[PDB]
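Source file run27.pdb; content: PDB, C-alpha atoms.
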```
ATOM      1  CA  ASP A 247      -7.852  10.558  -1.905  1.00  0.00           C
ATOM      2  CA  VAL A 248      -4.848   9.883   0.323  1.00  0.00           C
ATOM      3  CA  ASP A 249      -7.193   8.773   3.110  1.00  0.00           C
ATOM      4  CA  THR A 250      -8.792   6.078   0.947  1.00  0.00           C
ATOM      5  CA  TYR A 251      -5.400   5.126  -0.500  1.00  0.00           C
ATOM      6  CA  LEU A 252      -4.025   4.491   2.994  1.00  0.00           C
ATOM      7  CA  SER A 253      -7.229   2.737   4.076  1.00  0.00           C
ATOM      8  CA  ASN A 254      -7.189   0.247   1.173  1.00  0.00           C
ATOM      9  CA  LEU A 255      -3.415  -0.316   1.310  1.00  0.00           C
ATOM     10  CA  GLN A 256      -1.798  -3.705   1.925  1.00  0.00           C
ATOM     11  CA  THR A 257       1.541  -4.317   3.645  1.00  0.00           C
ATOM     12  CA  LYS A 258       3.478  -6.005   0.839  1.00  0.00           C
ATOM     13  CA  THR A 259       6.188  -5.258  -1.699  1.00  0.00           C
ATOM     14  CA  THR A 260       4.975  -3.158  -4.623  1.00  0.00           C
ATOM     15  CA  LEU A 261       7.051  -5.009  -7.234  1.00  0.00           C
ATOM     16  CA  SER A 262       4.901  -8.099  -6.558  1.00  0.00           C
ATOM     17  CA  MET A 263       1.542  -6.491  -7.382  1.00  0.00           C
ATOM     18  CA  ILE A 264       2.681  -5.190 -10.777  1.00  0.00           C
ATOM     19  CA  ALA A 265       4.003  -8.696 -11.470  1.00  0.00           C
ATOM     20  CA  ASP A 266       0.397  -9.939 -11.337  1.00  0.00           C
ATOM     21  CA  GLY A 267       0.053  -8.325 -14.763  1.00  0.00           C
ATOM     22  CA  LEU A 268       1.888 -11.370 -16.112  1.00  0.00           C
ATOM     23  CA  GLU A 269      -0.605 -13.790 -14.555  1.00  0.00           C
ATOM     24  CA  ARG A 270      -3.522 -11.687 -15.813  1.00  0.00           C
ATOM     25  CA  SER A 271      -2.031 -11.724 -19.320  1.00  0.00           C
ATOM     26  CA  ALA A 272      -1.562 -15.503 -19.179  1.00  0.00           C
ATOM     27  CA  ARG A 273      -5.232 -15.811 -18.177  1.00  0.00           C
ATOM     28  CA  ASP A 274      -6.474 -13.397 -20.857  1.00  0.00           C
ATOM     29  CA  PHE A 275      -4.500 -15.003 -23.696  1.00  0.00           C
ATOM     30  CA  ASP A 276      -6.638 -18.145 -23.367  1.00  0.00           C
ATOM     31  CA  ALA A 277      -9.898 -16.246 -23.923  1.00  0.00           C
ATOM     32  CA  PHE A 278      -8.217 -14.282 -26.720  1.00  0.00           C
ATOM     33  CA  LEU A 279      -7.219 -17.488 -28.511  1.00  0.00           C
ATOM     34  CA  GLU A 280     -10.771 -18.783 -28.043  1.00  0.00           C
ATOM     35  CA  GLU A 281     -12.054 -15.600 -29.682  1.00  0.00           C
ATOM     36  CA  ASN A 282      -9.555 -16.001 -32.514  1.00  0.00           C
ATOM     37  CA  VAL A 283     -10.662 -19.563 -33.234  1.00  0.00           C
ATOM     38  CA  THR A 284     -14.327 -18.572 -32.982  1.00  0.00           C
ATOM     39  CA  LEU A 285     -14.032 -15.640 -35.378  1.00  0.00           C
ATOM     40  CA  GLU A 286     -12.086 -18.033 -37.608  1.00  0.00           C
ATOM     41  CA  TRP A 287     -14.718 -20.772 -37.590  1.00  0.00           C
ATOM     42  CA  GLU A 288     -17.202 -17.956 -38.280  1.00  0.00           C
ATOM     43  CA  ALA A 289     -15.145 -16.645 -41.221  1.00  0.00           C
ATOM     44  CA  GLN A 290     -14.789 -20.149 -42.680  1.00  0.00           C
ATOM     45  CA  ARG A 291     -18.531 -20.800 -42.452  1.00  0.00           C
ATOM     46  CA  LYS A 292     -19.088 -17.396 -44.080  1.00  0.00           C
ATOM     47  CA  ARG A 293     -16.824 -18.182 -47.032  1.00  0.00           C
ATOM     48  CA  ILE A 294     -18.622 -21.512 -47.463  1.00  0.00           C
ATOM     49  CA  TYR A 295     -21.938 -19.619 -47.418  1.00  0.00           C
ATOM     50  CA  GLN A 296     -20.510 -17.474 -50.220  1.00  0.00           C
ATOM     51  CA  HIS A 297     -19.219 -20.538 -52.083  1.00  0.00           C
ATOM     52  CA  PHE A 298     -22.581 -22.312 -52.252  1.00  0.00           C
ATOM     53  CA  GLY A 299     -24.444 -19.107 -53.101  1.00  0.00           C
TER      54      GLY A 299
ATOM     55  CA  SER B 367      -7.052   4.179  55.036  1.00  0.00           C
ATOM     56  CA  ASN B 368      -3.450   3.620  53.907  1.00  0.00           C
ATOM     57  CA  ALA B 369      -4.088  -0.134  54.061  1.00  0.00           C
ATOM     58  CA  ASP B 370      -7.167   0.311  51.861  1.00  0.00           C
ATOM     59  CA  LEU B 371      -5.708   1.939  48.737  1.00  0.00           C
ATOM     60  CA  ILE B 372      -3.290  -0.990  48.435  1.00  0.00           C
ATOM     61  CA  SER B 373      -6.139  -3.129  47.127  1.00  0.00           C
ATOM     62  CA  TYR B 374      -7.022  -0.317  44.708  1.00  0.00           C
ATOM     63  CA  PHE B 375      -3.506  -0.026  43.268  1.00  0.00           C
ATOM     64  CA  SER B 376      -3.060  -3.808  43.150  1.00  0.00           C
ATOM     65  CA  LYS B 377      -6.489  -3.896  41.502  1.00  0.00           C
ATOM     66  CA  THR B 378      -5.480  -1.414  38.789  1.00  0.00           C
ATOM     67  CA  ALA B 379      -2.377  -3.571  38.344  1.00  0.00           C
ATOM     68  CA  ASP B 380      -4.398  -6.793  38.120  1.00  0.00           C
ATOM     69  CA  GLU B 381      -6.701  -5.111  35.601  1.00  0.00           C
ATOM     70  CA  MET B 382      -3.895  -3.767  33.411  1.00  0.00           C
ATOM     71  CA  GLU B 383      -2.132  -7.135  33.620  1.00  0.00           C
ATOM     72  CA  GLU B 384      -4.788  -8.495  31.252  1.00  0.00           C
ATOM     73  CA  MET B 385      -5.017  -5.346  29.121  1.00  0.00           C
ATOM     74  CA  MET B 386      -1.428  -6.152  28.214  1.00  0.00           C
ATOM     75  CA  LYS B 387      -2.534  -9.662  27.227  1.00  0.00           C
ATOM     76  CA  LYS B 388      -5.248  -8.060  25.100  1.00  0.00           C
ATOM     77  CA  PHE B 389      -2.543  -5.965  23.460  1.00  0.00           C
ATOM     78  CA  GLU B 390      -0.573  -9.159  22.771  1.00  0.00           C
ATOM     79  CA  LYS B 391      -3.685 -10.857  21.376  1.00  0.00           C
ATOM     80  CA  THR B 392      -4.598  -7.960  19.088  1.00  0.00           C
ATOM     81  CA  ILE B 393      -0.964  -7.721  17.978  1.00  0.00           C
ATOM     82  CA  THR B 394      -0.852 -11.423  17.108  1.00  0.00           C
ATOM     83  CA  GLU B 395      -4.153 -10.978  15.253  1.00  0.00           C
ATOM     84  CA  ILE B 396      -2.778  -7.972  13.354  1.00  0.00           C
ATOM     85  CA  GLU B 397       0.221 -10.060  12.337  1.00  0.00           C
ATOM     86  CA  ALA B 398      -2.041 -12.928  11.316  1.00  0.00           C
ATOM     87  CA  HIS B 399      -4.229 -10.456   9.404  1.00  0.00           C
ATOM     88  CA  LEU B 400      -1.582  -8.494   7.512  1.00  0.00           C
ATOM     89  CA  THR B 401      -0.018 -11.830   6.582  1.00  0.00           C
ATOM     90  CA  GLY B 402      -3.332 -12.383   4.811  1.00  0.00           C
ATOM     91  CA  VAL B 403      -3.365  -8.887   3.339  1.00  0.00           C
ATOM     92  CA  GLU B 404      -0.021  -9.789   1.755  1.00  0.00           C
ATOM     93  CA  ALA B 405      -1.597 -12.814   0.094  1.00  0.00           C
ATOM     94  CA  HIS B 406      -4.642 -10.849  -1.051  1.00  0.00           C
ATOM     95  CA  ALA B 407      -2.372  -8.258  -2.647  1.00  0.00           C
ATOM     96  CA  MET B 408      -0.119 -11.083  -3.850  1.00  0.00           C
ATOM     97  CA  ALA B 409      -3.070 -12.540  -5.732  1.00  0.00           C
ATOM     98  CA  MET B 410      -4.428  -9.135  -6.743  1.00  0.00           C
ATOM     99  CA  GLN B 411      -1.099  -8.263  -8.381  1.00  0.00           C
TER     100      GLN B 411
END
```

Could you spell out this file's structure in structure tokens?
Amino acid sequence: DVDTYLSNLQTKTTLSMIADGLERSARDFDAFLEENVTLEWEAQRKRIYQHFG
Amino acid sequence: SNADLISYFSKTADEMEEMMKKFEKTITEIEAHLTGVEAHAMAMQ
């Protein structure tokens, strides 16, 4: 385990890698909003399908 | 034969003289590489 950990290690500050979580969140939020608005359009269409009958 | 080994020693010297340059080259590469590793990790984070 330690062998692979040292093999795949990069010379750089650790506090910068964890920071990437912010970027990843900012890039996931977009897709999450797109899923919100798609499940919303879906819901709306559904309620219309239950309005017409 | 004392005048003969001089070429041999100076030869070893001449040979090593470039091995040092190789060391410098590889070092410079390592710098140039790890500088990239930083970026890779800097994107990965």

Determine which residues of chain A sit within 8 Å of chain B, taking into account all atoms listed in the file, and present them as a JSON list (two decimals) with C-alpha atoms, keeping the file's coordinate frame.
```json
[["chain", "number", "residue", "atom", "x", "y", "z"],
["A", 256, "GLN", "CA", -1.80, -3.70, 1.92],
["A", 257, "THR", "CA", 1.54, -4.32, 3.64],
["A", 258, "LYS", "CA", 3.48, -6.00, 0.84],
["A", 262, "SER", "CA", 4.90, -8.10, -6.56],
["A", 263, "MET", "CA", 1.54, -6.49, -7.38],
["A", 264, "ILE", "CA", 2.68, -5.19, -10.78],
["A", 265, "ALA", "CA", 4.00, -8.70, -11.47],
["A", 266, "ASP", "CA", 0.40, -9.94, -11.34],
["A", 267, "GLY", "CA", 0.05, -8.32, -14.76]]
```

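Note that CA of residue 255 in chain A and CA of residue 395 in chain B are 17.6 Å apart.
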
Could you jot down the CA of residue 249 in chain A to CA of residue 398 in chain B separation for me, Å, one decimal place?
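Computed distance, CA of residue 249 in chain A to CA of residue 398 in chain B, equals 23.8 Å.
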
Please, what distance in Å, to one decimal, runs between CA of residue 396 in chain B and CA of residue 251 in chain A?
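That distance, rounded to one decimal, is 19.2 Å.
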
Hey, can I get the axis-aligned box for range 259-270 of chain A? All listed atoms, 5 Å padding on each side, centre and edge lengths in Å to one decimal, as AutoDock Vina command-line options.
```
--center_x 1.8 --center_y -8.5 --center_z -8.9 --size_x 20.6 --size_y 20.6 --size_z 24.4
```

Atoms added to range 284-299 of chain A (N, CA, C and O atoms), reported as a PDB file, in the frame of the given file:
```pdb
ATOM      1  N   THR A 284     -12.900 -18.681 -32.703  1.00  0.00           N
ATOM      2  CA  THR A 284     -14.327 -18.572 -32.982  1.00  0.00           C
ATOM      3  C   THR A 284     -14.588 -17.627 -34.146  1.00  0.00           C
ATOM      4  O   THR A 284     -15.430 -17.920 -35.004  1.00  0.00           O
ATOM      5  N   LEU A 285     -13.840 -16.525 -34.241  1.00  0.00           N
ATOM      6  CA  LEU A 285     -14.032 -15.640 -35.378  1.00  0.00           C
ATOM      7  C   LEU A 285     -13.502 -16.299 -36.639  1.00  0.00           C
ATOM      8  O   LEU A 285     -13.976 -15.999 -37.738  1.00  0.00           O
ATOM      9  N   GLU A 286     -12.622 -17.288 -36.477  1.00  0.00           N
ATOM     10  CA  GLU A 286     -12.086 -18.033 -37.608  1.00  0.00           C
ATOM     11  C   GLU A 286     -13.108 -19.045 -38.103  1.00  0.00           C
ATOM     12  O   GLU A 286     -13.365 -19.130 -39.306  1.00  0.00           O
ATOM     13  N   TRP A 287     -13.618 -19.894 -37.208  1.00  0.00           N
ATOM     14  CA  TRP A 287     -14.718 -20.772 -37.590  1.00  0.00           C
ATOM     15  C   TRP A 287     -15.822 -19.970 -38.276  1.00  0.00           C
ATOM     16  O   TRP A 287     -16.354 -20.383 -39.316  1.00  0.00           O
ATOM     17  N   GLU A 288     -16.213 -18.842 -37.673  1.00  0.00           N
ATOM     18  CA  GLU A 288     -17.202 -17.956 -38.280  1.00  0.00           C
ATOM     19  C   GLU A 288     -16.822 -17.570 -39.707  1.00  0.00           C
ATOM     20  O   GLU A 288     -17.629 -17.708 -40.632  1.00  0.00           O
ATOM     21  N   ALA A 289     -15.615 -17.031 -39.892  1.00  0.00           N
ATOM     22  CA  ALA A 289     -15.145 -16.645 -41.221  1.00  0.00           C
ATOM     23  C   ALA A 289     -15.237 -17.800 -42.213  1.00  0.00           C
ATOM     24  O   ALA A 289     -15.692 -17.623 -43.348  1.00  0.00           O
ATOM     25  N   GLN A 290     -14.715 -18.964 -41.831  1.00  0.00           N
ATOM     26  CA  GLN A 290     -14.789 -20.149 -42.680  1.00  0.00           C
ATOM     27  C   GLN A 290     -16.224 -20.442 -43.107  1.00  0.00           C
ATOM     28  O   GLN A 290     -16.514 -20.611 -44.296  1.00  0.00           O
ATOM     29  N   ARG A 291     -17.124 -20.574 -42.130  1.00  0.00           N
ATOM     30  CA  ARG A 291     -18.531 -20.800 -42.452  1.00  0.00           C
ATOM     31  C   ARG A 291     -19.057 -19.735 -43.410  1.00  0.00           C
ATOM     32  O   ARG A 291     -19.825 -20.038 -44.326  1.00  0.00           O
ATOM     33  N   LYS A 292     -18.672 -18.475 -43.191  1.00  0.00           N
ATOM     34  CA  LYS A 292     -19.088 -17.396 -44.080  1.00  0.00           C
ATOM     35  C   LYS A 292     -18.626 -17.649 -45.511  1.00  0.00           C
ATOM     36  O   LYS A 292     -19.405 -17.519 -46.464  1.00  0.00           O
ATOM     37  N   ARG A 293     -17.342 -17.962 -45.686  1.00  0.00           N
ATOM     38  CA  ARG A 293     -16.824 -18.182 -47.032  1.00  0.00           C
ATOM     39  C   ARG A 293     -17.503 -19.377 -47.687  1.00  0.00           C
ATOM     40  O   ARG A 293     -17.717 -19.378 -48.901  1.00  0.00           O
ATOM     41  N   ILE A 294     -17.851 -20.400 -46.907  1.00  0.00           N
ATOM     42  CA  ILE A 294     -18.622 -21.512 -47.463  1.00  0.00           C
ATOM     43  C   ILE A 294     -20.011 -21.041 -47.891  1.00  0.00           C
ATOM     44  O   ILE A 294     -20.525 -21.436 -48.948  1.00  0.00           O
ATOM     45  N   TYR A 295     -20.642 -20.196 -47.071  1.00  0.00           N
ATOM     46  CA  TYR A 295     -21.938 -19.619 -47.418  1.00  0.00           C
ATOM     47  C   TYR A 295     -21.866 -18.773 -48.681  1.00  0.00           C
ATOM     48  O   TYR A 295     -22.869 -18.634 -49.392  1.00  0.00           O
ATOM     49  N   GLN A 296     -20.700 -18.209 -48.976  1.00  0.00           N
ATOM     50  CA  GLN A 296     -20.510 -17.474 -50.220  1.00  0.00           C
ATOM     51  C   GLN A 296     -20.046 -18.371 -51.357  1.00  0.00           C
ATOM     52  O   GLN A 296     -20.109 -17.957 -52.522  1.00  0.00           O
ATOM     53  N   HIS A 297     -19.584 -19.581 -51.047  1.00  0.00           N
ATOM     54  CA  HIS A 297     -19.219 -20.538 -52.083  1.00  0.00           C
ATOM     55  C   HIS A 297     -20.462 -21.214 -52.646  1.00  0.00           C
ATOM     56  O   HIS A 297     -20.623 -21.312 -53.868  1.00  0.00           O
ATOM     57  N   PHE A 298     -21.351 -21.690 -51.771  1.00  0.00           N
ATOM     58  CA  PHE A 298     -22.581 -22.312 -52.252  1.00  0.00           C
ATOM     59  C   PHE A 298     -23.429 -21.312 -53.026  1.00  0.00           C
ATOM     60  O   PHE A 298     -23.889 -21.598 -54.138  1.00  0.00           O
ATOM     61  N   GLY A 299     -23.646 -20.132 -52.454  1.00  0.00           N
ATOM     62  CA  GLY A 299     -24.444 -19.107 -53.101  1.00  0.00           C
ATOM     63  C   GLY A 299     -25.934 -19.355 -52.976  1.00  0.00           C
ATOM     64  O   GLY A 299     -26.365 -20.230 -52.225  1.00  0.00           O
TER      65      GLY A 299
END
```
